[PDB]
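Data block for run04.txt (compact mmCIF, N, CA and C atoms):
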```txt
# COMPACT_ATOMS: atom_id res chain seq x y z
N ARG K 12 23.67 -57.80 2.23
CA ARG K 12 22.31 -58.34 2.24
C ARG K 12 21.26 -57.23 2.09
N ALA K 13 20.26 -57.44 1.22
CA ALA K 13 19.20 -56.48 0.91
C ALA K 13 18.20 -56.26 2.05
N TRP K 14 17.95 -57.30 2.83
CA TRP K 14 16.99 -57.26 3.92
C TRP K 14 17.61 -57.68 5.22
N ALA K 15 17.13 -57.10 6.33
CA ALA K 15 17.58 -57.54 7.65
C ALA K 15 16.59 -58.62 8.05
N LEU K 16 16.94 -59.47 9.04
CA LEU K 16 16.05 -60.52 9.54
C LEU K 16 14.64 -59.99 9.85
N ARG K 17 14.53 -58.80 10.50
CA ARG K 17 13.23 -58.18 10.82
C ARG K 17 12.36 -57.91 9.58
N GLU K 18 12.98 -57.43 8.49
CA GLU K 18 12.29 -57.13 7.23
C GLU K 18 11.81 -58.41 6.55
N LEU K 19 12.59 -59.51 6.65
CA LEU K 19 12.20 -60.81 6.10
C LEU K 19 10.97 -61.34 6.85
N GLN K 20 10.99 -61.23 8.20
CA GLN K 20 9.91 -61.61 9.12
C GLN K 20 8.65 -60.80 8.84
N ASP K 21 8.82 -59.49 8.58
CA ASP K 21 7.72 -58.59 8.26
C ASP K 21 7.06 -58.91 6.94
N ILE K 22 7.86 -59.19 5.87
CA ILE K 22 7.32 -59.57 4.56
C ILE K 22 6.50 -60.85 4.75
N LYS K 23 7.09 -61.83 5.46
CA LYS K 23 6.47 -63.12 5.76
C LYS K 23 5.11 -62.96 6.47
N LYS K 24 5.06 -62.15 7.56
CA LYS K 24 3.82 -61.91 8.31
C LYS K 24 2.72 -61.28 7.48
N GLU K 25 3.08 -60.36 6.57
CA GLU K 25 2.12 -59.71 5.69
C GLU K 25 1.51 -60.61 4.64
N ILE K 26 2.25 -61.63 4.17
CA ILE K 26 1.72 -62.53 3.15
C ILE K 26 1.33 -63.95 3.59
N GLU K 27 1.41 -64.26 4.89
CA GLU K 27 1.08 -65.60 5.41
C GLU K 27 -0.39 -66.06 5.19
N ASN K 28 -1.34 -65.10 5.12
CA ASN K 28 -2.76 -65.35 4.88
C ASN K 28 -3.11 -65.12 3.40
N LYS K 29 -2.09 -65.16 2.52
CA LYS K 29 -2.22 -64.96 1.08
C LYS K 29 -1.63 -66.11 0.31
N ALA K 30 -2.31 -66.54 -0.74
CA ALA K 30 -1.88 -67.65 -1.56
C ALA K 30 -0.73 -67.25 -2.49
N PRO K 31 0.33 -68.08 -2.65
CA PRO K 31 1.39 -67.73 -3.62
C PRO K 31 0.79 -67.52 -4.99
N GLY K 32 1.20 -66.45 -5.67
CA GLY K 32 0.68 -66.13 -7.00
C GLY K 32 -0.60 -65.31 -7.05
N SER K 33 -1.20 -65.01 -5.88
CA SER K 33 -2.40 -64.17 -5.77
C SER K 33 -1.95 -62.69 -5.91
N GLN K 34 -2.88 -61.76 -6.14
CA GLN K 34 -2.56 -60.34 -6.35
C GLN K 34 -1.77 -59.67 -5.22
N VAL K 35 -2.27 -59.77 -3.98
CA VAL K 35 -1.68 -59.14 -2.79
C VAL K 35 -0.28 -59.68 -2.50
N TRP K 36 -0.11 -61.00 -2.64
CA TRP K 36 1.13 -61.72 -2.44
C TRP K 36 2.20 -61.20 -3.39
N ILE K 37 1.90 -61.17 -4.70
CA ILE K 37 2.78 -60.66 -5.78
C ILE K 37 3.08 -59.17 -5.55
N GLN K 38 2.03 -58.34 -5.29
CA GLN K 38 2.17 -56.90 -5.05
C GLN K 38 3.03 -56.55 -3.84
N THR K 39 2.93 -57.33 -2.76
CA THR K 39 3.76 -57.12 -1.57
C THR K 39 5.21 -57.36 -1.94
N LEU K 40 5.47 -58.44 -2.70
CA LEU K 40 6.83 -58.76 -3.13
C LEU K 40 7.39 -57.74 -4.10
N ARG K 41 6.55 -57.27 -5.06
CA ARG K 41 6.89 -56.21 -6.03
C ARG K 41 7.38 -54.97 -5.29
N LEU K 42 6.64 -54.54 -4.25
CA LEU K 42 7.00 -53.39 -3.42
C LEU K 42 8.31 -53.62 -2.67
N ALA K 43 8.48 -54.80 -2.04
CA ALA K 43 9.71 -55.14 -1.31
C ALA K 43 10.92 -55.17 -2.27
N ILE K 44 10.75 -55.73 -3.47
CA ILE K 44 11.79 -55.79 -4.49
C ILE K 44 12.23 -54.38 -4.92
N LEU K 45 11.26 -53.50 -5.24
CA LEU K 45 11.52 -52.10 -5.61
C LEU K 45 12.28 -51.33 -4.55
N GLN K 46 11.93 -51.53 -3.28
CA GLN K 46 12.56 -50.83 -2.16
C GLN K 46 13.97 -51.30 -1.84
N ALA K 47 14.22 -52.63 -1.91
CA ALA K 47 15.51 -53.20 -1.50
C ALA K 47 16.49 -53.57 -2.59
N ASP K 48 16.03 -53.67 -3.85
CA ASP K 48 16.85 -54.09 -5.01
C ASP K 48 17.59 -55.44 -4.75
N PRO K 49 16.86 -56.54 -4.47
CA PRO K 49 17.54 -57.81 -4.16
C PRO K 49 18.26 -58.47 -5.34
N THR K 50 19.33 -59.21 -5.01
CA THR K 50 20.09 -60.03 -5.95
C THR K 50 19.39 -61.42 -6.01
N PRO K 51 19.71 -62.32 -6.98
CA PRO K 51 19.14 -63.68 -6.92
C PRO K 51 19.31 -64.38 -5.56
N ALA K 52 20.43 -64.09 -4.85
CA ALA K 52 20.73 -64.71 -3.55
C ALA K 52 19.81 -64.19 -2.43
N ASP K 53 19.49 -62.88 -2.47
CA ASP K 53 18.58 -62.26 -1.49
C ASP K 53 17.20 -62.85 -1.67
N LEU K 54 16.80 -63.05 -2.94
CA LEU K 54 15.52 -63.62 -3.33
C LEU K 54 15.41 -65.08 -2.88
N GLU K 55 16.52 -65.85 -2.99
CA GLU K 55 16.61 -67.24 -2.55
C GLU K 55 16.45 -67.33 -1.02
N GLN K 56 16.99 -66.34 -0.30
CA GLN K 56 16.85 -66.26 1.16
C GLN K 56 15.41 -65.95 1.52
N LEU K 57 14.80 -64.98 0.82
CA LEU K 57 13.39 -64.58 1.02
C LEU K 57 12.43 -65.78 0.83
N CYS K 58 12.70 -66.63 -0.18
CA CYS K 58 11.90 -67.82 -0.48
C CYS K 58 11.79 -68.78 0.71
N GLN K 59 12.85 -68.87 1.55
CA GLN K 59 12.89 -69.72 2.77
C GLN K 59 11.83 -69.29 3.80
N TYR K 60 11.45 -68.00 3.80
CA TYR K 60 10.46 -67.42 4.69
C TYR K 60 9.04 -67.56 4.16
N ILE K 61 8.85 -67.27 2.86
CA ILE K 61 7.53 -67.18 2.20
C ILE K 61 6.98 -68.41 1.45
N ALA K 62 7.85 -69.31 0.99
CA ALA K 62 7.38 -70.44 0.19
C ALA K 62 7.77 -71.79 0.73
N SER K 63 6.81 -72.72 0.68
CA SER K 63 7.03 -74.12 1.04
C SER K 63 7.95 -74.73 -0.02
N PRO K 64 8.76 -75.76 0.30
CA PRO K 64 9.64 -76.36 -0.72
C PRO K 64 8.94 -76.76 -2.03
N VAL K 65 7.68 -77.22 -1.96
CA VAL K 65 6.88 -77.61 -3.14
C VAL K 65 6.66 -76.40 -4.07
N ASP K 66 6.38 -75.23 -3.49
CA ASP K 66 6.20 -73.98 -4.21
C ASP K 66 7.50 -73.42 -4.75
N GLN K 67 8.61 -73.55 -4.00
CA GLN K 67 9.94 -73.09 -4.44
C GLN K 67 10.35 -73.84 -5.69
N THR K 68 10.17 -75.17 -5.68
CA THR K 68 10.46 -76.09 -6.77
C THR K 68 9.67 -75.71 -8.01
N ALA K 69 8.33 -75.56 -7.90
CA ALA K 69 7.45 -75.15 -9.01
C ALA K 69 7.86 -73.75 -9.50
N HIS K 70 8.15 -72.83 -8.58
CA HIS K 70 8.57 -71.49 -8.97
C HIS K 70 9.89 -71.48 -9.74
N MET K 71 10.92 -72.15 -9.20
CA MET K 71 12.23 -72.19 -9.83
C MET K 71 12.24 -72.88 -11.20
N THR K 72 11.33 -73.87 -11.43
CA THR K 72 11.15 -74.56 -12.72
C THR K 72 10.54 -73.57 -13.70
N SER K 73 9.54 -72.80 -13.25
CA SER K 73 8.83 -71.78 -14.02
C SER K 73 9.79 -70.63 -14.40
N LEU K 74 10.60 -70.18 -13.45
CA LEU K 74 11.57 -69.10 -13.67
C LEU K 74 12.67 -69.52 -14.66
N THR K 75 13.20 -70.76 -14.53
CA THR K 75 14.23 -71.31 -15.42
C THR K 75 13.74 -71.32 -16.88
N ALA K 76 12.49 -71.76 -17.10
CA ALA K 76 11.87 -71.80 -18.42
C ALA K 76 11.68 -70.39 -18.98
N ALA K 77 11.25 -69.42 -18.13
CA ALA K 77 11.06 -68.00 -18.50
C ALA K 77 12.36 -67.32 -18.93
N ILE K 78 13.47 -67.58 -18.21
CA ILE K 78 14.79 -67.03 -18.55
C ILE K 78 15.15 -67.58 -19.95
N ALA K 79 15.08 -68.91 -20.13
CA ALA K 79 15.36 -69.58 -21.40
C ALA K 79 14.47 -69.02 -22.52
N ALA K 80 13.14 -68.87 -22.27
CA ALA K 80 12.21 -68.31 -23.25
C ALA K 80 12.57 -66.87 -23.65
N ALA K 81 12.96 -66.02 -22.68
CA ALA K 81 13.34 -64.63 -22.92
C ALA K 81 14.62 -64.56 -23.74
N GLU K 82 15.59 -65.45 -23.46
CA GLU K 82 16.87 -65.52 -24.16
C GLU K 82 16.70 -65.96 -25.62
N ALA K 83 15.84 -66.96 -25.86
CA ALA K 83 15.50 -67.48 -27.19
C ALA K 83 14.73 -66.43 -28.00
N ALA K 84 13.91 -65.60 -27.33
CA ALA K 84 13.10 -64.56 -27.95
C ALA K 84 13.84 -63.24 -28.12
N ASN K 85 15.07 -63.14 -27.56
CA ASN K 85 15.93 -61.95 -27.60
C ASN K 85 15.33 -60.72 -26.89
N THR K 86 14.49 -60.95 -25.88
CA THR K 86 13.82 -59.88 -25.15
C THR K 86 14.62 -59.28 -24.00
N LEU K 87 15.73 -59.91 -23.60
CA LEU K 87 16.54 -59.36 -22.51
C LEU K 87 17.38 -58.21 -23.06
N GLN K 88 17.38 -57.08 -22.34
CA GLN K 88 18.17 -55.91 -22.73
C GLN K 88 19.50 -55.91 -22.01
N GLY K 89 20.58 -55.77 -22.78
CA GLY K 89 21.94 -55.71 -22.26
C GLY K 89 22.48 -57.03 -21.78
N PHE K 90 21.93 -58.14 -22.30
CA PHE K 90 22.40 -59.46 -21.92
C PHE K 90 23.39 -60.05 -22.91
N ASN K 91 24.62 -60.25 -22.44
CA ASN K 91 25.67 -60.90 -23.20
C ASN K 91 25.90 -62.25 -22.49
N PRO K 92 25.45 -63.39 -23.08
CA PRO K 92 25.63 -64.69 -22.39
C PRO K 92 27.07 -65.10 -22.19
N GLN K 93 28.00 -64.47 -22.94
CA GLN K 93 29.43 -64.74 -22.81
C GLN K 93 29.96 -64.30 -21.45
N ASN K 94 29.31 -63.29 -20.82
CA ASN K 94 29.71 -62.86 -19.48
C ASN K 94 29.05 -63.67 -18.33
N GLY K 95 28.42 -64.80 -18.65
CA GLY K 95 27.74 -65.66 -17.68
C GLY K 95 26.23 -65.60 -17.80
N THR K 96 25.53 -66.40 -16.97
CA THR K 96 24.07 -66.48 -16.91
C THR K 96 23.43 -65.22 -16.36
N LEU K 97 22.12 -65.06 -16.55
CA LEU K 97 21.38 -63.91 -16.02
C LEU K 97 21.48 -63.89 -14.50
N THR K 98 21.42 -65.07 -13.86
CA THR K 98 21.51 -65.25 -12.40
C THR K 98 22.87 -64.77 -11.88
N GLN K 99 23.96 -65.22 -12.52
CA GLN K 99 25.34 -64.87 -12.16
C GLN K 99 25.60 -63.38 -12.37
N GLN K 100 25.13 -62.82 -13.50
CA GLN K 100 25.36 -61.41 -13.83
C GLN K 100 24.56 -60.46 -12.93
N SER K 101 23.33 -60.86 -12.54
CA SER K 101 22.44 -60.08 -11.66
C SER K 101 22.98 -59.93 -10.22
N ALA K 102 23.95 -60.79 -9.83
CA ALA K 102 24.61 -60.81 -8.52
C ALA K 102 25.63 -59.69 -8.34
N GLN K 103 26.06 -59.04 -9.44
CA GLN K 103 27.06 -57.98 -9.40
C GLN K 103 26.44 -56.58 -9.23
N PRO K 104 26.96 -55.75 -8.28
CA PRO K 104 26.34 -54.44 -7.98
C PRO K 104 25.98 -53.52 -9.13
N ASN K 105 26.92 -53.34 -10.08
CA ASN K 105 26.72 -52.45 -11.22
C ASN K 105 25.73 -52.93 -12.27
N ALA K 106 25.37 -54.24 -12.22
CA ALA K 106 24.44 -54.89 -13.16
C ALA K 106 22.92 -54.72 -12.82
N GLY K 107 22.53 -53.52 -12.37
CA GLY K 107 21.17 -53.16 -12.00
C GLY K 107 20.11 -53.40 -13.06
N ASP K 108 20.44 -53.19 -14.34
CA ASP K 108 19.49 -53.38 -15.43
C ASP K 108 19.15 -54.84 -15.65
N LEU K 109 20.16 -55.73 -15.56
CA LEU K 109 19.96 -57.18 -15.70
C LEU K 109 19.19 -57.71 -14.47
N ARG K 110 19.61 -57.28 -13.25
CA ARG K 110 19.01 -57.64 -11.96
C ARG K 110 17.53 -57.27 -11.94
N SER K 111 17.19 -56.06 -12.43
CA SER K 111 15.82 -55.57 -12.53
C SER K 111 14.98 -56.50 -13.42
N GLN K 112 15.58 -57.04 -14.49
CA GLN K 112 14.92 -57.98 -15.39
C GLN K 112 14.74 -59.35 -14.73
N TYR K 113 15.76 -59.85 -13.99
CA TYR K 113 15.69 -61.09 -13.22
C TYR K 113 14.52 -61.00 -12.22
N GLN K 114 14.46 -59.88 -11.46
CA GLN K 114 13.44 -59.60 -10.45
C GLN K 114 12.06 -59.64 -11.05
N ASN K 115 11.89 -59.10 -12.27
CA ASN K 115 10.58 -59.10 -12.94
C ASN K 115 10.19 -60.52 -13.31
N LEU K 116 11.11 -61.29 -13.91
CA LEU K 116 10.87 -62.68 -14.28
C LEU K 116 10.61 -63.54 -13.02
N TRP K 117 11.37 -63.30 -11.91
CA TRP K 117 11.23 -64.00 -10.63
C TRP K 117 9.81 -63.78 -10.11
N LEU K 118 9.33 -62.54 -10.23
CA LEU K 118 7.99 -62.16 -9.80
C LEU K 118 6.87 -62.76 -10.65
N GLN K 119 6.96 -62.64 -12.00
CA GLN K 119 5.97 -63.19 -12.94
C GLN K 119 5.86 -64.72 -12.85
N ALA K 120 6.98 -65.42 -12.55
CA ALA K 120 7.02 -66.88 -12.45
C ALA K 120 6.12 -67.42 -11.33
N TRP K 121 5.79 -66.58 -10.32
CA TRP K 121 4.89 -66.93 -9.22
C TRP K 121 3.45 -67.01 -9.71
N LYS K 122 3.09 -66.26 -10.78
CA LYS K 122 1.73 -66.30 -11.36
C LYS K 122 1.54 -67.62 -12.12
N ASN K 123 2.59 -68.05 -12.83
CA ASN K 123 2.62 -69.23 -13.70
C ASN K 123 2.93 -70.55 -12.98
N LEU K 124 2.24 -70.81 -11.84
CA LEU K 124 2.43 -72.04 -11.07
C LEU K 124 1.38 -73.09 -11.42
N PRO K 125 1.81 -74.32 -11.80
CA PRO K 125 0.83 -75.39 -12.10
C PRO K 125 -0.08 -75.72 -10.91
N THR K 126 -1.40 -75.50 -11.09
CA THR K 126 -2.45 -75.71 -10.08
C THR K 126 -3.65 -76.45 -10.68
```
Rewrite the structure of this file - the entire thing - as structure tokens.
Amino acid sequence: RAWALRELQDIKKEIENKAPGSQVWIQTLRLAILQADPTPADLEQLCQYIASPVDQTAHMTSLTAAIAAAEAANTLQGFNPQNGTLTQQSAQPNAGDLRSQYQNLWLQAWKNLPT
């Protein structure tokens, strides 16, 4: 696991007075992502602390479309779909370059929330 319970609680406390998709909210997550190198599963656990189910749903719909858009546009570096999805491949330790791309898309998808 990328974060201990205390670190999840700390990220949560720092962004509780911030709107999802706002500058400070995104920047706090960007910093936490850079420091801990989370997998899609660590990020899914983090979402339970920071986002309401309505926001998780909107975020995951936005992220799914972004992965599909990046794949159709050929913008992913080192992505072979024959070895599985970006989500599945980002879960493996040695796959840091794919994981780093997932993390960026996961982060940008918070800006693109229907409001």
### Task
Please indicate the distance in Å from atom N of residue 55 (chain K) to CA of residue 27 (chain K), rounded to one decimal place.
17.6 Å
### Message
Using only C-alpha atoms, can you tell me which of K:112, K:63, K:73, K:105 comes closest to residue 86 (chain K)?
### Response
K:112
### Test item, alpha helix (DSSP H) assignment across region 17-126 of chain K, answer as JSON, numbers by chain
{"K": [17, 18, 19, 20, 21, 22, 23, 24, 25, 26, 34, 35, 36, 37, 38, 39, 40, 41, 42, 43, 44, 45, 46, 47, 51, 52, 53, 54, 55, 56, 57, 58, 59, 60, 61, 64, 65, 66, 67, 68, 69, 70, 71, 72, 73, 74, 75, 76, 77, 78, 79, 80, 81, 82, 83, 97, 98, 99, 100, 101, 107, 108, 109, 110, 111, 112, 113, 114, 115, 116, 117, 118, 119]}
### Task
Identify, on the basis of only C-alpha atoms, every residue whose closest approach to residue 79 (chain K) does not exceed 12 Å; exclude the query and any residue fewer than 6 positions from it along the same chain; express the result as a ChimeraX atom specification.
/K:72-73,85-87,92,96-98,113,116
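Of the residues under consideration (K:109, K:30, K:80, K:74), K:74 shows the shortest atom-to-atom contact distance to residue 123 (chain K) when counting all atoms listed in the file.
Atom C of residue 15 (chain K) is found 9.9 Å from atom C of residue 56 (chain K).
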### Summary
Between atom N of residue 71 (chain K) and atom C of residue 91 (chain K) lies a distance of 22.3 Å
### Query
Can you tell me, as a VMD selection string, what residues are no more than 12 Å from residue 59 (chain K) when counting only C-alpha atoms, ignoring any on the same chain fewer than 3 positions away?
chain K and resid 16 19 to 20 22 to 23 52 to 56 62 to 68
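Using only N, CA and C atoms, the shortest contact distance between residue 48 (chain K) and any of K:29, K:14, K:89, K:122 is found at K:14.
Taking only C-alpha atoms into account, residue 118 (chain K) lies nearest to K:70 out of the set K:100, K:90, K:70, K:46.
Among the candidates K:88, K:50, K:126, K:75, the one nearest to residue 104 (chain K) when counting only C-alpha atoms is K:50.
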